[PDB]
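Participant: Just one file: my_file_11.cif, with mmCIF, C-alpha atoms.
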data_final
#
loop_
_atom_site.label_atom_id
_atom_site.label_comp_id
_atom_site.auth_asym_id
_atom_site.auth_seq_id
_atom_site.Cartn_x
_atom_site.Cartn_y
_atom_site.Cartn_z
CA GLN O 1 149.42 100.39 86.62
CA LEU O 2 152.40 99.94 88.95
CA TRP O 3 153.10 99.33 92.64
CA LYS O 4 154.52 102.24 94.64
CA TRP O 5 155.47 102.56 98.29
CA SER O 6 153.06 104.02 100.83
CA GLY O 7 154.14 105.53 104.14
CA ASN O 8 157.44 106.47 105.71
CA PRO O 9 160.04 103.67 105.75
CA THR O 10 162.70 102.47 108.21
CA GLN O 11 166.35 101.75 107.44
CA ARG O 12 167.88 98.41 108.42
CA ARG O 13 170.45 95.81 107.34
CA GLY O 14 170.95 92.08 106.88
CA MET O 15 168.53 89.68 105.19
CA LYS O 16 170.75 88.77 102.20
CA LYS O 17 174.67 91.92 105.36
CA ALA O 18 173.74 95.01 103.33
CA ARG O 19 171.55 98.09 103.80
CA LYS O 20 167.89 98.44 102.80
CA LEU O 21 164.84 100.61 103.50
CA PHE O 22 161.89 98.52 104.71
CA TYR O 23 158.38 99.84 104.07
CA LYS O 24 155.03 98.76 105.48
CA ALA O 25 152.61 98.91 102.54
CA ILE O 26 152.37 99.33 98.78
CA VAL O 27 149.63 100.94 96.69
CA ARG O 28 148.49 100.60 93.06
CA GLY O 29 145.86 103.27 92.46
CA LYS O 30 142.69 101.97 94.10
CA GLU O 31 144.34 98.82 95.45
CA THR O 32 146.24 98.74 98.74
CA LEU O 33 148.52 95.97 100.02
CA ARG O 34 149.79 95.91 103.60
CA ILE O 35 152.19 93.53 105.32
CA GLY O 36 150.20 90.44 106.32
CA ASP O 37 147.72 90.52 103.44
CA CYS O 38 147.70 87.64 100.97
CA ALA O 39 148.41 88.22 97.29
CA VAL O 40 148.19 86.25 94.06
CA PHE O 41 151.34 86.80 92.01
CA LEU O 42 152.26 86.41 88.32
CA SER O 43 153.82 82.99 87.77
CA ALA O 44 155.35 81.51 84.62
CA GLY O 45 157.29 78.36 85.58
CA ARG O 46 156.25 74.74 86.03
CA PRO O 47 154.07 75.12 89.20
CA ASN O 48 150.54 74.08 88.27
CA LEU O 49 148.16 76.76 89.56
CA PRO O 50 148.81 80.43 90.41
CA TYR O 51 151.27 81.15 93.20
CA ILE O 52 149.67 82.77 96.24
CA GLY O 53 151.62 84.09 99.19
CA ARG O 54 151.48 86.14 102.37
CA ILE O 55 153.70 89.22 102.47
CA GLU O 56 156.19 89.35 105.34
CA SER O 57 158.59 92.20 104.53
CA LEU O 58 158.62 94.85 101.79
CA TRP O 59 161.84 96.76 101.19
CA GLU O 60 163.89 98.71 98.66
CA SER O 61 167.64 98.28 98.21
CA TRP O 62 170.18 100.65 96.69
CA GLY O 63 169.18 101.25 93.09
CA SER O 64 165.39 101.45 93.59
CA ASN O 65 165.00 97.65 93.60
CA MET O 66 161.58 96.87 95.07
CA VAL O 67 161.78 93.47 96.80
CA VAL O 68 159.01 91.57 98.60
CA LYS O 69 159.55 88.59 100.91
CA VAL O 70 156.70 86.11 100.54
CA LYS O 71 155.68 83.09 102.61
CA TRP O 72 154.24 80.68 100.07
CA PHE O 73 150.88 78.96 100.02
CA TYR O 74 150.43 75.72 98.08
CA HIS O 75 147.60 74.44 95.91
CA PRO O 76 146.89 70.71 96.26
CA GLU O 77 148.34 70.12 92.78
CA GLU O 78 151.73 71.58 93.80
CA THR O 79 152.30 69.12 96.65
CA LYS O 80 153.95 65.73 96.26
CA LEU O 81 150.36 64.44 96.42
CA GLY O 82 147.88 65.34 93.70
CA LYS O 83 144.55 67.03 94.30
CA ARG O 84 143.05 64.87 97.04
CA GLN O 85 139.69 63.32 96.24
CA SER O 86 137.09 65.77 97.59
CA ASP O 87 139.72 68.34 98.54
CA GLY O 88 137.57 71.30 97.50
CA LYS O 89 137.67 74.27 95.15
CA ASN O 90 140.36 76.92 95.70
CA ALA O 91 142.09 75.00 98.50
CA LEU O 92 145.38 76.43 99.76
CA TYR O 93 147.96 74.64 101.91
CA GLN O 94 149.89 76.90 104.27
CA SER O 95 153.68 76.71 104.30
CA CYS O 96 156.53 78.29 106.25
CA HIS O 97 158.89 78.26 103.25
CA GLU O 98 159.56 81.85 102.18
CA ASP O 99 161.63 83.61 99.53
CA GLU O 100 162.19 86.99 97.91
CA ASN O 101 160.70 88.26 94.65
CA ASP O 102 160.09 91.50 92.79
CA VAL O 103 157.25 93.67 94.08
CA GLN O 104 155.94 94.33 90.55
CA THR O 105 155.14 90.61 90.13
CA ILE O 106 152.06 90.92 92.37
CA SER O 107 148.87 90.30 90.41
CA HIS O 108 146.18 91.13 92.95
CA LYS O 109 145.29 91.04 96.63
CA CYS O 110 143.29 87.99 97.76
CA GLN O 111 141.85 86.52 100.95
CA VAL O 112 142.50 83.21 102.71
CA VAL O 113 139.71 82.19 105.09
CA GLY O 114 138.43 79.07 106.82
CA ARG O 115 136.41 76.36 105.12
CA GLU O 116 133.10 77.22 106.78
CA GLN O 117 133.75 80.93 106.22
CA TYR O 118 134.64 80.19 102.59
CA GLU O 119 131.38 78.32 101.99
CA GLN O 120 129.37 81.01 103.80
CA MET O 121 130.96 83.72 101.65
CA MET O 122 130.75 81.89 98.30
CA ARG O 123 127.03 81.12 98.56
CA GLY O 124 125.47 83.44 95.98
CA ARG O 125 127.52 84.70 93.04
CA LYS O 126 127.27 82.28 90.12
CA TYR O 127 130.82 83.19 89.03
CA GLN O 128 132.45 80.92 91.60
CA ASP O 129 135.82 79.89 90.09
CA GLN O 130 137.61 83.15 90.87
CA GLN O 131 141.09 84.07 92.12
CA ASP O 132 140.24 86.46 94.98
CA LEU O 133 139.13 84.14 97.81
CA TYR O 134 140.59 80.81 98.92
CA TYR O 135 140.21 78.54 101.94
CA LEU O 136 143.00 77.17 104.11
CA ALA O 137 143.16 73.37 103.99
CA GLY O 138 146.19 72.71 106.19
CA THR O 139 149.97 72.93 106.39
CA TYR O 140 152.45 71.63 103.81
CA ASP O 141 156.24 71.44 104.16
CA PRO O 142 158.08 71.05 100.82
CA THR O 143 161.31 69.99 102.54
CA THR O 144 159.62 67.00 104.19
CA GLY O 145 156.63 66.49 101.89
CA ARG O 146 154.39 66.02 104.93
CA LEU O 147 151.07 67.86 104.93
CA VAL O 148 148.36 68.00 107.60
CA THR O 149 144.75 69.15 107.37
CA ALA O 150 143.17 72.21 108.99
CA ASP O 151 142.73 70.07 112.13
CA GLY O 152 146.23 68.58 112.41
CA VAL O 153 145.64 65.28 110.62
CA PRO O 154 148.52 63.93 108.49
CA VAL O 155 147.53 62.32 105.20
CA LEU O 156 148.83 59.48 103.03
#
Would you mind writing the file's structure down as C-alpha cells?
Facilitator:
Amino acid sequence: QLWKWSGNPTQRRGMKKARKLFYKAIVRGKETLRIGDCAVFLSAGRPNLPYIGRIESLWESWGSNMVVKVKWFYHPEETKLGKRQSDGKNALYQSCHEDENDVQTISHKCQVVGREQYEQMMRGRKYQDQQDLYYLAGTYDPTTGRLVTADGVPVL
C-alpha cells in the first residue's frame, strides 16, 4: 500500500542546485506508473474537484524524500470561468504550470483521451461517473486566465 521505485536511477543536480537521483517509474503492487502517464492525486485544499496531473520527473533527494514533478490538469470548475454550459462530464483542461509534490500523494493512475475517444470508450458501463478516464477539453493558463478549446478557440 505504498509507492516504491522501479528500475535503476540516474544521478543529477539542479531543479530546486543540489543533488538528486532521478528514477523513471514507480510501482505499487499491481499498479505501475511511468513518466508520462496521468495520475489522480489526493487533494485536500480549496480546489473544487480532484487534482489530476501528468508526471514529468520522479526523483529522490538525500534523506529518502520521494518527490514527483507534476504538470497540472484543470477541471472546468477550477478555472476563472465556471463549468461551461454543455462542457461535458470529466472534462480536463491542459496546463503547462507544473510543481513538485510528494510521491505518496498519488491516488491512482488515470487516462486522458480525446472527446470522440472518450465517448467511444464510455459507451457501455452504467457506472459512468468514475475517476479513471477523462477527456481533454483544451488548454488553460492560470497566470493569464485564458483558456482555449481542443481546437484552439478562445472562450469568453
Participant: Show me the residues close to (141.5, 78.2, 101.9) - anything with an atom within 8 Å, counting all atoms listed in the file - and format the list as an NGL selection string.
Facilitator: :O and (90-93 or 112-115 or 118 or 133-137)
Participant: Taking (137.7, 79.9, 85.1) in the coordinates of the supplied file, I want to know which residues reach to within 12 Å of it, counting all atoms listed in the file; could you give the answer as a PyMOL selection string?
Facilitator: chain O and resi 49+89-90+126-131
Participant: Can you work out which one of O:54, O:97, O:13, O:24 has the shortest atom-to-atom distance to residue O:140, counting only C-alpha atoms?
Facilitator: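 The shortest atom-to-atom distance to residue O:140 comes from O:97.
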Participant: Quick check on the file I pasted: which residues fall under the PyMOL selection byres ((chain O and resi 28) around 9)? Write them as a ChimeraX atom specification.
Facilitator: /O:1-5,26-27,29-33
Participant: Quote the spacing between atom CA of residue O:88 and atom CA of residue O:46 in Å to one decimal place.
Facilitator: 22.2 Å
Participant: Residues near residue O:44, anyone? I mean within 12 Å using all atoms listed in the file, not counting same-chain ones fewer than 6 positions away, as a list in words.
Facilitator: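 Contacts, in chain order: residues 50, 51 and 105 of chain O.
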Participant: Mind checking which residues fall within 7 Å of residue O:53, counting all atoms listed in the file, ignoring those fewer than 3 positions away in the same chain, and posting them as a PDB file with C-alpha atoms, keeping the file's coordinate frame?
Facilitator:
ATOM      1  CA  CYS O  38     147.700  87.640 100.970  1.00  0.00           C
ATOM      2  CA  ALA O  39     148.410  88.220  97.290  1.00  0.00           C
ATOM      3  CA  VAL O  40     148.190  86.250  94.060  1.00  0.00           C
ATOM      4  CA  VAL O  70     156.700  86.110 100.540  1.00  0.00           C
ATOM      5  CA  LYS O  71     155.680  83.090 102.610  1.00  0.00           C
ATOM      6  CA  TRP O  72     154.240  80.680 100.070  1.00  0.00           C
ATOM      7  CA  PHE O  73     150.880  78.960 100.020  1.00  0.00           C
TER       8      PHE O  73
END
Participant: Which residue, O:102, O:17, O:80, O:65, has the smallest gap to residue O:155 when you use all atoms listed in the file?
Facilitator: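 Checking each of O:102, O:17, O:80, O:65 against residue O:155, counting all atoms listed in the file, the winner is O:80.
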Participant: Would you compute the distance between atom CA of residue O:41 and atom CA of residue O:66? Give it in Å to one decimal.
Facilitator: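 Interatomic distance, atom CA of residue O:41 to atom CA of residue O:66: 14.7 Å.
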Participant: I'd like to see the residues matched by the PyMOL selection byres ((chain O and resi 23) around 8) on this file, and ideally I'd get them as a list in words.
Facilitator: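 Given this file, the PyMOL selection byres ((chain O and resi 23) around 8) evaluates to residues 5, 6, 7, 8, 9, 10, 21, 22, 24, 25, 57, 58, 59 and 60 of chain O.
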Participant: How far is it from atom CA of residue O:62 to atom CA of residue O:106, in Å with one decimal?
Facilitator: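 Atom CA of residue O:106 lies at a distance of 21.0 Å from atom CA of residue O:62.
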